[PDB]
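Protein chains in written order, with full-length UniProt numbering: chain A, 2 to 152, 156 to 176; chain B, 2 to 137, 142 to 176. Here a beta-carbon is modelled for each residue, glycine too, at the ideal position from N, C-alpha and C. Following: one structure in structure tokens, then a few remarks.
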């Protein structure tokens, strides 16, 4: 499946800017950055509060020799607008020393740069979900749904409970 | 010995692209870049903490312009894809400092010129290792040191070479 934005247009590969918005009416807005145990810089991918429903734009990047993204691609995801304190690129990652169990680890931004592209977009009813695919210390490949932890509500690995998302195009 | 990739085919000299992968799985992914005291840009050659059989693509280049990489060749190694902030070329070279507390001598990327090609690939068990040969020349195994921190940095580590294999990037 080609991933479509809220205007029905294919989502670009390695170009343009998109908000990741909740697909369902809930207690927060689009994904942004907050400071969750990060020190001097907000590095944690989090829902914005409902009074500021727009977070930060992202760019989706795949090795795939195509101009648009499908639900088949391995992706990296980076915020295209980020605080000046933050690493470049502001690339999404999880911090877990190849743990066999990966759930409720928050998605953070990091410098770490490779062609390993652990995120994928999957269909979820009328809209989409995000998943994170990797192997553990045990060798097993798992793709785990990304969901919301309520505790700015954090984007975390959450196998039973995907955060339903849609994609709003900012710019090309 | 000619160096062979994961398919069994000789590694190309001066052409083609490879991932440098751990021969052992479960201990992180292929070699790419991380920020180890590098400021705003990941400059330090490190295993990706994502356990996937993928790294950042590397090109092997030697002044001797034969078709294949052997264990006798003096080599430059550079990442062919790097972050926007990285030096171009993203050429691998040994950093001239050990961190005061963390210690070890990491491989970093730099656009610095060298008269000498410092790397070699040598056989190691059933697969291979990377060694760094520094002209004042003496060759030292490159191994992985995990910091606190959990960056899996490629560093000088004579006893303890990081066993690697080479996956061709067309696939």
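Those residues which DSSP pairs with residue i across a bridge
{"i": "residue 34 (chain B)", "result": "A:114, B:46"}
{"i": "residue 129 (chain A)", "result": "A:124, A:169"}
{"i": "residue 59 (chain B)", "result": "B:19, B:80"}
Short CB-CB distance (under 8 Å) between residue i and chain A
{"i": "residue 104 (chain B)", "result": "no"}
{"i": "residue 49 (chain B)", "result": "yes"}
{"i": "residue 35 (chain B)", "result": "yes"}
{"i": "residue 155 (chain B)", "result": "yes"}
{"i": "residue 43 (chain B)", "result": "yes"}
{"i": "residue 57 (chain B)", "result": "yes"}
{"i": "residue 161 (chain B)", "result": "no"}
{"i": "residue 152 (chain B)", "result": "no"}
{"i": "residue 82 (chain B)", "result": "yes"}
{"i": "residue 6 (chain B)", "result": "no"}
{"i": "residue 52 (chain B)", "result": "yes"}
{"i": "residue 148 (chain B)", "result": "no"}
Residue from the options with nearest C-alpha to residue i
{"i": "residue 168 (chain A)", "options": "A:99, A:56, A:25", "result": "A:25"}
{"i": "residue 51 (chain B)", "options": "A:138, A:17, A:15", "result": "A:138"}
{"i": "residue 73 (chain A)", "options": "A:96, A:122, A:59, A:54", "result": "A:122"}
{"i": "residue 96 (chain B)", "options": "B:135, B:152, B:58", "result": "B:135"}
{"i": "residue 100 (chain B)", "options": "B:18, B:152, B:82, B:171", "result": "B:152"}
{"i": "residue 113 (chain A)", "options": "B:161, B:45, B:14", "result": "B:45"}
{"i": "residue 165 (chain B)", "options": "B:105, B:7, B:20", "result": "B:105"}
{"i": "residue 17 (chain B)", "options": "B:82, B:145, B:39", "result": "B:82"}
{"i": "residue 173 (chain B)", "options": "B:38, B:2, B:13", "result": "B:13"}
{"i": "residue 115 (chain A)", "options": "B:124, B:126, B:2, B:34", "result": "B:34"}
{"i": "residue 37 (chain B)", "options": "B:103, B:54, B:145", "result": "B:103"}
{"i": "residue 2 (chain A)", "options": "A:141, A:144, A:128", "result": "A:128"}
{"i": "residue 158 (chain A)", "options": "A:29, A:5, A:42", "result": "A:29"}
{"i": "residue 22 (chain B)", "options": "B:175, B:57, B:143", "result": "B:57"}
{"i": "residue 149 (chain A)", "options": "A:171, A:5, A:31", "result": "A:31"}
{"i": "residue 71 (chain B)", "options": "B:48, B:98, B:131, B:47", "result": "B:131"}
{"i": "residue 10 (chain B)", "options": "B:107, B:68, B:42, B:119", "result": "B:68"}
{"i": "residue 41 (chain B)", "options": "A:146, A:49, A:48, A:85", "result": "A:85"}
{"i": "residue 65 (chain B)", "options": "B:118, B:126, B:161, B:6", "result": "B:118"}
Cβ shell of residue i (< 7 Å), same chain only, five flanking positions each side left out
{"i": "residue 111 (chain B)", "result": "88, 92, 94"}
{"i": "residue 125 (chain A)", "result": "166, 168"}
Close-in-space but distant-in-sequence residues of the same chain around residue i (CB under 8 Å, 5 per side omitted)
{"i": "residue 27 (chain B)", "result": "52"}
{"i": "residue 79 (chain B)", "result": "59, 60, 62, 90, 91, 92, 93, 110"}
Residue-chain proximity (residue i, chain B), Cβ-Cβ < 8 Å
{"i": "residue 65 (chain A)", "result": "no"}
{"i": "residue 175 (chain A)", "result": "no"}
{"i": "residue 90 (chain A)", "result": "yes"}
{"i": "residue 98 (chain A)", "result": "yes"}
heavy atom of the ligand SAH below 7 Å from residue i C-beta
{"i": "residue 56 (chain A)", "result": "Absence of the ligand SAH is noted for the structure shown, with no ligands found whatsoever."}
Query raised in the report: the region 111 to 143 of chain A: which residues have C-beta closer than 9 Å to a C-beta of chain B, in chain order?
Result: Residues passing the 9 Å Cβ filter: 111, 112, 113, 114, 115, 116, 117, 118, 119, 134, 135, 136, 137, 138, 139, 140, 142.
Report task. Quick one: which residues of the region 17 to 28 of chain B get their C-beta closer than 8 Å to a C-beta of chain A? List them in chain order. Result -> Considering only beta carbons, the part of the region 17 to 28 of chain B lying closer than 8 Å to chain A consists of 20, 26, 27, 28, in chain order.
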